[PDB]
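Colleague: Here you go, one structure.
There are 2 protein chains.
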Amino acid sequence: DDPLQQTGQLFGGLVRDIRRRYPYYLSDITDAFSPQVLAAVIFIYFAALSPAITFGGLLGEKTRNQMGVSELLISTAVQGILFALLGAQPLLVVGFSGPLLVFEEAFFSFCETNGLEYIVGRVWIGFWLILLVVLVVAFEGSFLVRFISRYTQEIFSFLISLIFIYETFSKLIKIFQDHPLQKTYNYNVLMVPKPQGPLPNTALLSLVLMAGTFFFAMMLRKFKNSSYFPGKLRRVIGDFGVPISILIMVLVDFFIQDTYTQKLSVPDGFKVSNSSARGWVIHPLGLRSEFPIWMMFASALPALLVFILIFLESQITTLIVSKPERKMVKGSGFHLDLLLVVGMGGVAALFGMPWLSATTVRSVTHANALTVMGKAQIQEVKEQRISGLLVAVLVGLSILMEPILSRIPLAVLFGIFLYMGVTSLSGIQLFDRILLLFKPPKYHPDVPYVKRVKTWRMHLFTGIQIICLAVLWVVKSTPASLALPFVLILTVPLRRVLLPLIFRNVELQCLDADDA
Amino acid sequence: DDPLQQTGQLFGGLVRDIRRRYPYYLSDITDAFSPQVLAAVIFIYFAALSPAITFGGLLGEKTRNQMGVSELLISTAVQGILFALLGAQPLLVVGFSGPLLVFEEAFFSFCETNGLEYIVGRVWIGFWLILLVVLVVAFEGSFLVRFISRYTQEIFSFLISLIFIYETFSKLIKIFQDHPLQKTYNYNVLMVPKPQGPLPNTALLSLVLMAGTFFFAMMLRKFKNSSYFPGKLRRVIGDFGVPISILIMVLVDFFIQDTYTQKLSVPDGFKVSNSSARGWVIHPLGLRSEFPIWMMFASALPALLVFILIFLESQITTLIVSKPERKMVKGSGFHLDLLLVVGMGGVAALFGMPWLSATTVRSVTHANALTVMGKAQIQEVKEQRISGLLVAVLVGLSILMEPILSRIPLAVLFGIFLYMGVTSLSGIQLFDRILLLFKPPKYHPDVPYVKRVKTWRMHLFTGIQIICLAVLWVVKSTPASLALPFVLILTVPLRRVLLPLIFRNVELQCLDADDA
Ligand SMILES: CCCCCCCCCCCCCCCCCC(=O)OC[C@H](COP(=O)([O-])OCC[N+](C)(C)C)OC(=O)CCCCCCCCCCCCCCCCC
Ligand SMILES: CCCCCCCCCCCCCCCCCC(=O)OC[C@H](COP(=O)([O-])OCC[N+](C)(C)C)OC(=O)CCCCCCCCCCCCCCCCC
Ligand SMILES: OCCN(CCO)c1nc(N2CCCCC2)c2nc(N(CCO)CCO)nc(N3CCCCC3)c2n1
Ligand SMILES: OCCN(CCO)c1nc(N2CCCCC2)c2nc(N(CCO)CCO)nc(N3CCCCC3)c2n1
Ligand SMILES: *[C@@H]1O[C@H](CO)[C@@H](O[C@H]2O[C@H](CO)[C@@H](O)[C@H](O)[C@H]2NC(C)=O)[C@H](O)[C@H]1NC(C)=O
Ligand SMILES: *[C@@H]1O[C@H](CO)[C@@H](O[C@H]2O[C@H](CO)[C@@H](O)[C@H](O)[C@H]2NC(C)=O)[C@H](O)[C@H]1NC(C)=O
Ligand SMILES: CC(C)CCC[C@@H](C)[C@H]1CC[C@H]2[C@@H]3CC=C4C[C@@H](O)CC[C@]4(C)[C@H]3CC[C@]12C
Ligand SMILES: CC(C)CCC[C@@H](C)[C@H]1CC[C@H]2[C@@H]3CC=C4C[C@@H](O)CC[C@]4(C)[C@H]3CC[C@]12C
Ligand SMILES: CC(C)CCC[C@@H](C)[C@H]1CC[C@H]2[C@@H]3CC=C4C[C@@H](O)CC[C@]4(C)[C@H]3CC[C@]12C
Ligand SMILES: CC(C)CCC[C@@H](C)[C@H]1CC[C@H]2[C@@H]3CC=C4C[C@@H](O)CC[C@]4(C)[C@H]3CC[C@]12C
Ligand SMILES: CC(C)CCC[C@@H](C)[C@H]1CC[C@H]2[C@@H]3CC=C4C[C@@H](O)CC[C@]4(C)[C@H]3CC[C@]12C
Ligand SMILES: CC(C)CCC[C@@H](C)[C@H]1CC[C@H]2[C@@H]3CC=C4C[C@@H](O)CC[C@]4(C)[C@H]3CC[C@]12C
Ligand SMILES: CC(C)CCC[C@@H](C)[C@H]1CC[C@H]2[C@@H]3CC=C4C[C@@H](O)CC[C@]4(C)[C@H]3CC[C@]12C
Ligand SMILES: CC(C)CCC[C@@H](C)[C@H]1CC[C@H]2[C@@H]3CC=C4C[C@@H](O)CC[C@]4(C)[C@H]3CC[C@]12C
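Here it is, written out as structure tokens:
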């Protein structure tokens, strides 16, 4: 029954993953028939879209429009639809991530330096990723995911959410730096690409919209598990907590018409950003210049790095989402998801669209959205394919529904990112122990490790995980950001060889447990 | 032991009030030796000052400077010092109120029409208030305060808090109306009296400062009764919850130097606002024109109205502050406080300074500030004279402490008013029953009246008190605002004659109880 086992035959895990979930496929359609599911579709849409808009914008300027917002949106749409329809864990949101953007920057700079075609280079990376993932899934390489314990899962899960929170505030600060609070402003300024100068009331309204959206979302989450209004109405309003918070604060900005706020800009149509550069289908052998055969084979070495990026990102996200404490009964497959995510991404490279990964926050957020609360204990989770499908389709149709997206500020969706960032920390025992450092020892949650492990030893354990978080954040800050996944890999040796020396088994078993 | 009893002798209550509290007078100095007491001094200072600044400003413009901020500040200082040193309940904050402001415009408008000297008119009102209060205290007229039950106390206490909250938002709205969020602004504008035109970033920053101060104050109140940090540090930070919230958000505005925010303006020195109109000491017989002897006797009729205003305001505030549920052991005197408050106010009229009253929110706020929490049950209250004395002295020295006050925005102190407004509702059973209207019947607090009175009957009782609140708010809105105290008087007949018909004794006794 345990997914992470070596069968001892070629593609044994892949078959066993299909065999376990596809029996539930008719349930994966009906279970979606709930208002809570529709509230998740609306929430996770904006959670899924705005990153693809942002990263696409960032790719555009750092890759000279070889790959822009349109390519990313279509990729997130097509791979999102397929993965929802064919995957093992539909609650995983497949999209673009920060470590993937860093690779594209380095790959572009590498290609620029050596003087090779970037987009043609990726096609080969994509082919080697298809070769590697088939070779990995063949021998059931996802068995090594067993070794990654809560220690490494939580260190990861915490770091990703901090980033998500950090970046959100970095955008608010950027708005304030762009539109400073001056004494006088210049009004003879163009706003056709974007505002050339500073603008009045822009930065403060952006803060008001961000703070307000995070407030309303949190207060409606507080309202969900309150004792006000009838139980039906309290849940319905609580389930649609974010969509109400968005609608309100979007309508707030709609009425404030004279003042400027930065909105969600999408491409005009379904066309590549730079048409002169590349077409919709990228040629392996080359576009303009004849692509070298040395790079055609040496594409293996970056593809190995991209595989490790997509593997760890996706497989650790699968762990986090399919934890025992989260009441997920339909079953999670680590081989079929890895095969699709990388396999699709490899074929996506052929059409000059970016390979994606099962992103942690968006996956967690989508799981948390579909998770229902009893009495605070988790009753069940609405595990189905319709939520992940509809989000992907809506992301695909984002280019068409510009009229609607044009009235939605970025400030409000940054308020939603802050809500996603804070909410992501909820079921992380690391974060729980970070709070206990500040709380006195008498006022502890009396959890198994609190009762058994000594207070100073528990804090010492928590201390070492901050040292790891700190080191990971330093590695992230430095140019060597593609080394970050390999530093997180060292978190597994730590718990395996280093901690057993300074700590005891009894404490280690209590602090780091598979189930709680 | 019960204060509200007829002794059956002249000035029996006054003697009995002195006899009960003055034995504790040495305790009323030492009990003030606590950090929590110093945190109250800082909090209640701004709570006491900014109203005198505002009402003084309002008197100034509606009385042609015959009485402005200077007179009000000195009155609140002198009467505040004396009442703290000589009073029965030092926790009562004596200051100017809205119903008193209504009388001063009404009396000025009367004097302007008939063509009489306003300030000389008040001197006679003051003499008749001294005659009435001595005649009332003689026969122990504060025995009628017994008839005022939680019903009328809570209806009052709630209405006063709603006003306090309403007015706060009316000032924010005014700022937004004054400094609208436009596309373009004019920078060639004078700001020497105040900004002549609209200004950028002023209204939104004012909202940010107000929202931020109310947030920090509430989160530090939430922190006070949390389980974070050692018990000493949690209380100390919790007790200084408002002063920290003020300091922070004042320093926030200090760093935002280019943008404009409206600050606390006080007079330059200790001089009357309009020297030409009149001097410090007002002459009974007249200043310029010979004051009529018909008004010298007819001054009784407005003085009777002012007495009823100051009596009900102060005596109902004394009830609220000296409730049984609030752990106040040193004893409350309703005769000695009424004698001082009105008697001082009558003598204050002679120097052209405004008669004051024991204001409900500022009294409640000051009591709530000095109230310590155990475990949520009230352990004790730090009842002493030093808090009320120091506030009054600081209000007196506000005119000299201009450099510090000039850097403090109004926006932040409006955030403190909102905090005072919401916190004032805490120990009001009316407000508690307003929440139970929305909550389901199964999730009720299990208080005596919840289990004894039927849910539909309790909601019917609460419904009638909203009808009263509504009627009182309508009477307040209309020109007849001096009729409001006499409408609140009718709240006592209601519970006495009208409710016993539709309701039963058992329910009435449970819903309206002297102790809980
Ligand atoms: C869940 C409820 C939480 C939200 C409820 C709302 C509470 C707060 C309401 C808004 C007020 C924010 C307080 C800070 C005020 C700063 C004012 C300002 O803009 O100053 C100018 C400053 C700029 O300072 P400056 O003027 O020195 O900049 C330099 C300018 N030159 C170069 C010209 C010298 O801007 C900022 O503050 C930017 C940084 C943002 C910091 C505030 C972000 C917080 C908002 C989201 C809330 C998240 C925390 C909540 C806690 C977690 C809860 C789970
Ligand atoms: C304890 C924490 C609670 C406080 C922090 C939570 C608040 C989050 C911070 C942001 C403020 C909220 C967003 C308000 C939306 C309006 C913003 C704006 O632009 O206004 C434009 C409007 C003006 O709109 P306008 O300018 O478009 O109107 C048109 C005018 N013409 C046509 C002339 C151009 O501003 C106002 O009217 C002010 C409204 C303020 C209302 C919000 C009050 C916030 C203060 C705290 C309230 C506490 C509530 C909870 C109490 C209970 C506590 C448990
Ligand atoms: O852009 C839209 C989303 N956001 C906004 C969040 O509010 C965002 N911006 C980032 N940017 C900073 C740097 C490069 C430009 C944008 C960024 N960078 C990184 N990293 C790469 C840098 O090494 C860190 C390693 O994961 N990781 C991010 N998360 C995304 C999900 C899975 C991974 C963690 C991330 N997220
Ligand atoms: O934090 C806000 C406090 N302020 C700011 C001024 O210091 C304020 N402003 C008022 N107004 C401003 C705008 C023009 C009118 C005055 C006002 N008006 C009334 N009343 C209605 C006038 O008829 C009387 C109703 O009983 N009562 C008030 N209270 C305060 C004392 C205890 C009692 C209730 C009151 N308070
Ligand atoms: C589309 O791609 C082409 C080819 O990469 C870009 O072409 C030229 O301009 C760039 C600067 O804008 C230079 O860095 C290139 O060297 C130059 N290349 C050639 C062959 O002329 C073009 O700018 C891109 N267009 C957009 C809209 O991004
Ligand atoms: C001080 O008081 C005097 C007397 O009331 C005010 O005097 C004059 O100006 C007023 C308008 O500003 C008129 O309404 C008065 O009728 C007029 N009275 C006389 C006798 O000339 C004076 O304005 C006040 N000054 C200030 C600073 O408020
Ligand atoms: C699903 C698609 C898009 C992924 C592409 C990867 C290919 C190579 C994968 C997907 C499904 C896989 C097959 C699934 C099941 C079996 C049955 C087993 O007895 C032998 C291997 C075999 C036949 C696998 C071979 C490899 C396979 C064909
Ligand atoms: C586009 C941006 C600005 C906001 C989008 C949010 C929209 C889609 C949200 C906000 C509030 C939502 C509604 C709130 C509650 C209910 C009751 C439920 O039983 C059926 C759906 C229904 C009727 C929702 C439909 C979707 C809804 C209208
Ligand atoms: C419709 C649902 C099921 C899928 C959502 C995504 C849809 C809208 C997207 C994904 C890929 C997109 C296509 C990608 C490529 C092209 C070629 C171009 O010359 C015309 C548009 C066209 C044909 C696009 C139309 C819209 C499209 C089909
Ligand atoms: C450079 C720093 C920030 C990175 C390392 C994280 C810091 C905060 C960690 C490392 C070791 C930790 C300490 C280890 C042991 C104890 C003893 C316990 O009774 C109280 C907490 C305390 C004192 C911990 C507090 C947090 C701590 C100081
Ligand atoms: C503070 C002053 C100026 C207020 C003036 C009010 C007058 C009427 C008050 C103030 C003090 C009062 C006296 C205080 C003490 C006593 C002793 C008692 O056994 C008989 C009544 C008697 C004699 C009181 C009578 C009324 C009294 C004289
Ligand atoms: C005038 C404006 C800026 C607000 C002024 C508030 C000042 C007076 C407040 C803010 C925070 C306060 C401090 C906070 C905590 C303590 C610790 C306590 O054991 C003694 C008092 C002391 C040291 C307070 C002194 C007064 C203080 C500095
Ligand atoms: C000092 C403490 C105990 C009391 C606080 C209030 C003080 C500062 C106030 C209240 C009344 C004020 C006085 C009122 C009247 C005048 C007359 C004027 O021509 C000079 C200033 C002078 C003399 C004031 C000085 C300051 C004063 C004494
Ligand atoms: C002038 C305005 C404020 C008047 C409205 C006040 C509201 C709150 C009052 C007026 C009439 C009241 C209702 C009258 C009758 C009933 C039926 C009873 O079985 C439960 C309470 C309930 C439902 C009351 C609830 C409160 C109520 C709705």
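Sequence lines, in order, name chains A and B. Heads up: the first sequence is residues 707 to 1222, going by the numbering used here. Heads up: the second sequence is residues 707 to 1222, going by the numbering used here. All residues carry an ideal CB built from backbone N, CA and C; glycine is no exception.
In three-state terms, what does DSSP make of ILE988 (chain B)?
Modeller: Within the second sequence, numbered from 1, the residue matching residue 988 (chain B) stands at position 282. The answer is coil: DSSP assigns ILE988 (chain B) none of H, G, I, E or B.
Colleague: At least one CB of chain A closer than 8 Å to the CB of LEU1136 (chain B): is that the case?
Modeller: Indexing the second sequence from 1 puts residue 1136 (chain B) at position 430. Answer no: the Cβ-Cβ gap between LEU1136 (chain B) and chain A never drops below 8 Å.
Colleague: Just to confirm, does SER982 (chain A) get its C-beta within under 7 Å of one of the non-hydrogen atoms of ligand 5?
Modeller: Taking the first sequence and counting its residues from 1, the one referred to as residue 982 (chain A) is at position 276. Within the cutoff, so yes.
Colleague: Could you say if the segment 1177 to 1195 of chain B and the segment 879 to 886 of chain B meet the contact criterion of at least three C-beta pairs nearer than 8 Å?
Modeller: Taking 8 Å as the limit for Cβ pairs, the verdict is that the segment 879 to 886 of chain B does not touch the segment 1177 to 1195 of chain B.
Colleague: Determine whether the beta carbon atoms of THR908 (chain B) and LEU1124 (chain B) lie at a separation below 8 Å.
Modeller: For the purposes of this step, residue 908 (chain B) is taken as the residue at position 202 of the second sequence. For the purposes of this step, residue 1124 (chain B) is taken as the residue at position 418 of the second sequence. Taking 8 Å as the Cβ cut-off, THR908 (chain B) and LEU1124 (chain B) do not qualify as a contacting pair.
Colleague: Output the boundary residues of the beta strand (DSSP E) element that contains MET1079 (chain A).
Modeller: The residue you call residue 1079 (chain A) lines up with position 373 of the first sequence. It spans 1077 to 1080 - the beta strand (DSSP E) in which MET1079 (chain A) sits, taken as one unbroken run.
Colleague: Roughly how many angstroms lie between the CA atoms of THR1161 (chain A) and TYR857 (chain A), to the nearest whole one?
Modeller: Your numbering for residue 1161 (chain A) matches position 455 in the first sequence. Your numbering for residue 857 (chain A) matches position 151 in the first sequence. Taking the straight line joining both Cα atoms gives about 18 Å.
Colleague: With DSSP as the reference, please indicate the residues paired to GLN1083 (chain B) in a beta bridge.
Modeller: Indexing the second sequence from 1 puts residue 1083 (chain B) at position 377. According to DSSP, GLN1083 (chain B) bridges with B:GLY1080.
Colleague: Name, please, each residue of chain A whose Cβ falls closer than 8 Å to the Cβ of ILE962 (chain B).
Modeller: The residue given as residue 962 (chain B) occupies position 256 in the second sequence. Within 8 Å Cβ-Cβ: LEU887.
Colleague: Using 8 Å as the limit for Cβ to Cβ distance, is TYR891 (chain A) near chain B?
Modeller: Position 185 of the first sequence holds residue 891 (chain A). Yes - at least one Cβ of chain B is within 8 Å of the one on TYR891 (chain A).
Colleague: Any heavy atom of ligand 6 within a distance shorter than 7 Å of the CB on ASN820 (chain B)?
Modeller: Counting from one through the second sequence, the residue named residue 820 (chain B) turns up at place 114. Because no heavy atom of ligand 6 lies under 7 Å away, the Cβ of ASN820 (chain B) does not count as near it: no.
Colleague: Identify whether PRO936 (chain A) lies in helix, strand or coil by the three-state DSSP scheme.
Modeller: In the first sequence, residue 936 (chain A) corresponds to position 230, counting from 1. Coil.
Colleague: Considering only the beta carbon of each residue, do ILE988 (chain B) and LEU1056 (chain B) sit closer than 8 Å?
Modeller: Position 282 of the second sequence holds residue 988 (chain B). Position 350 of the second sequence holds residue 1056 (chain B). Yes.
Colleague: Is the separation between the beta-carbon of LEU1204 (chain A) and that of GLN1171 (chain A) shorter than 8 Å?
Modeller: Residue 1204 (chain A) sits at position 498 when you count from the first residue of the first sequence. Residue 1171 (chain A) sits at position 465 when you count from the first residue of the first sequence. Contact flag unset, no.
Colleague: By the criterion of Cβ-Cβ separation under 9 Å, what are the contact partners of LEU911 (chain A) in chain B?
Modeller: Working through the first sequence from its first residue, we reach residue 911 (chain A) at position 205. Within chain B, the residues near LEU911 (chain A) are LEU887 and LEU910.
Colleague: Taking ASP974 (chain B) as the reference, give the member of B:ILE1105, B:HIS1072, B:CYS817 and B:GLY1039 with the closest Cα.
Modeller: In the second sequence, counting from the first residue as 1, residue 974 (chain B) sits at position 268. The shortest Cα separation from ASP974 (chain B) among B:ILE1105, B:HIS1072, B:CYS817 and B:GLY1039 belongs to B:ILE1105.
Colleague: Report the option in B:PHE813, B:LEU1119, B:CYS1174 and B:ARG727 whose CA atom is closest to the CA atom of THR769 (chain B).
Modeller: Position 63 of the second sequence, counting from 1, holds the residue named residue 769 (chain B). Selected option, being the one with the closest Cα: B:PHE813.
Colleague: Is DSSP giving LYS930 (chain A) helix, strand or coil here?
Modeller: Here residue 930 (chain A) is taken as the residue at index 224 of the first sequence, counted from 1. Note: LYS930 (chain A) maps to helix in three-state DSSP.
Colleague: Of all Cβ atoms in chain B, is any one closer than 8 Å to the Cβ of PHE875 (chain A)?
Modeller: Within the first sequence, residue 875 (chain A) is the residue found at index 169, counting from 1. False, the Cβ-Cβ gap to chain B never drops below 8 Å.
Colleague: To be precise: take each residue of the segment 1136 to 1163 of chain B, compare its Cβ to all Cβ atoms of chain A, and keep it if any distance is under 7 Å. Which residues remain?
Modeller: Here the close residues are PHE1144, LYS1145, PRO1146 and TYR1149.
Colleague: Against chain A, does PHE1040 (chain B) count as a neighbour if the rule is that its beta carbon must be under 8 Å from one of theirs?
Modeller: Along the second sequence, one-based indexing puts residue 1040 (chain B) at 334. No, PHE1040 (chain B) lies away from the interface with chain A (no Cβ there is under 8 Å from its Cβ).
Colleague: So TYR934 (chain B) contacts chain E; which residues on that side make the cut at Cβ distance below 7 Å?
Modeller: Going by chain labels, chain E is absent from the structure shown, which instead holds the protein chains A and B.
Colleague: At least one CB of chain B closer than 8 Å to the CB of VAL914 (chain A): is that the case?
Modeller: Counted from its first residue, the first sequence places residue 914 (chain A) at position 208. Chain B contact via Cβ: present.
Colleague: Provide the residue span of the alpha helix (DSSP H) that contains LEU1131 (chain B), from first to last.
Modeller: Here the question's residue 1131 (chain B) lines up with position 425 in the second sequence. Neither: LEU1131 (chain B) is in no alpha helix (DSSP H) and is coded neither H nor E.
Colleague: With which residues is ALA753 (chain B) paired in a DSSP beta bridge?
Modeller: One-based indexing of the second sequence puts residue 753 (chain B) at position 47. Bridge partners of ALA753 (chain B): none, in fact.
Colleague: Report back the beta-carbon spacing between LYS969 (chain A) and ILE1114 (chain A) to the nearest angstrom; my notes put them in contact at under 8 Å.
Modeller: Taking the first residue of the first sequence as 1, we reach residue 969 (chain A) at position 263. Taking the first residue of the first sequence as 1, we reach residue 1114 (chain A) at position 408. The pair is a contact, with the Cβ atoms about 6 Å apart (cut-off 8 Å).
Colleague: Any C-beta of chain A sitting closer than 8 Å to the C-beta of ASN931 (chain B)?
Modeller: By 1-based counting over the second sequence, the position of residue 931 (chain B) is 225. So no, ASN931 (chain B) is outside the interface.
Colleague: Could you name the residues of chain A that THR965 (chain B) contacts, counting a contact when the two beta carbons are closer than 7 Å?
Modeller: Taking the second sequence and counting its residues from 1, one reaches residue 965 (chain B) at position 259. By Cβ distance, chain A contributes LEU887.
Colleague: Just the C-alpha distance for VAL1035 (chain B) and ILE861 (chain B), rounded to the nearest angstrom, thanks.
Modeller: Taking the first residue of the second sequence as 1, we reach residue 1035 (chain B) at position 329. Taking the first residue of the second sequence as 1, we reach residue 861 (chain B) at position 155. Roughly 25 Å between the two C-alpha positions.
Colleague: Can you list, in chain order, the residues of the segment 1114 to 1129 of chain A whose Cβ is nearer than 7 Å to any Cβ on chain B?
Modeller: Within the segment 1114 to 1129 of chain A, no residue qualifies.
Colleague: For a test of your reading of the model: does the CB of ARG770 (chain A) fall under 7 Å from any non-hydrogen atom of ligand 5? Yes or no.
Modeller: Against the first sequence, residue 770 (chain A) aligns to sequence position 64. For ligand 5, at least one heavy atom lies less than 7 Å from the Cβ of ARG770 (chain A).
Colleague: Against chain B, does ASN907 (chain A) count as a neighbour if the rule is that its beta carbon must be under 8 Å from one of theirs?
Modeller: The sequence position of residue 907 (chain A) within the first sequence is 201, counting from 1. Yes, because at least one Cβ of chain B sits closer than 8 Å to the Cβ of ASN907 (chain A).
Colleague: Exposed or buried, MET1164 (chain B), counting other C-beta atoms within 10 Å across all chains shown (16 or more means buried)?
Modeller: Indexing the second sequence from 1 puts residue 1164 (chain B) at position 458. Buried, since its Cβ has 16 or more Cβ neighbours within 10 Å.
Colleague: Would you check if the segment 1047 to 1056 of chain A and the segment 779 to 797 of chain A touch, i.e. whether three or more CB-CB distances between them fall below 8 Å?
Modeller: With a cut-off of 8 Å, the segment 1047 to 1056 of chain A and the segment 779 to 797 of chain A count as touching, because enough Cβ pairs lie within range.
Colleague: When you measure from the CB of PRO741 (chain B) to every non-hydrogen atom of ligand 12, does any distance come out below 7 Å?
Modeller: Counting from one through the second sequence, the residue named residue 741 (chain B) turns up at place 35. Yes, ligand 12 has a heavy atom inside 7 Å of this Cβ.
Colleague: Where does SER1063 (chain B) sit, in a helix, a strand or coil, going by DSSP?
Modeller: Counting from one through the second sequence, the residue named residue 1063 (chain B) turns up at place 357. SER1063 (chain B): strand per DSSP, three-state reduction.
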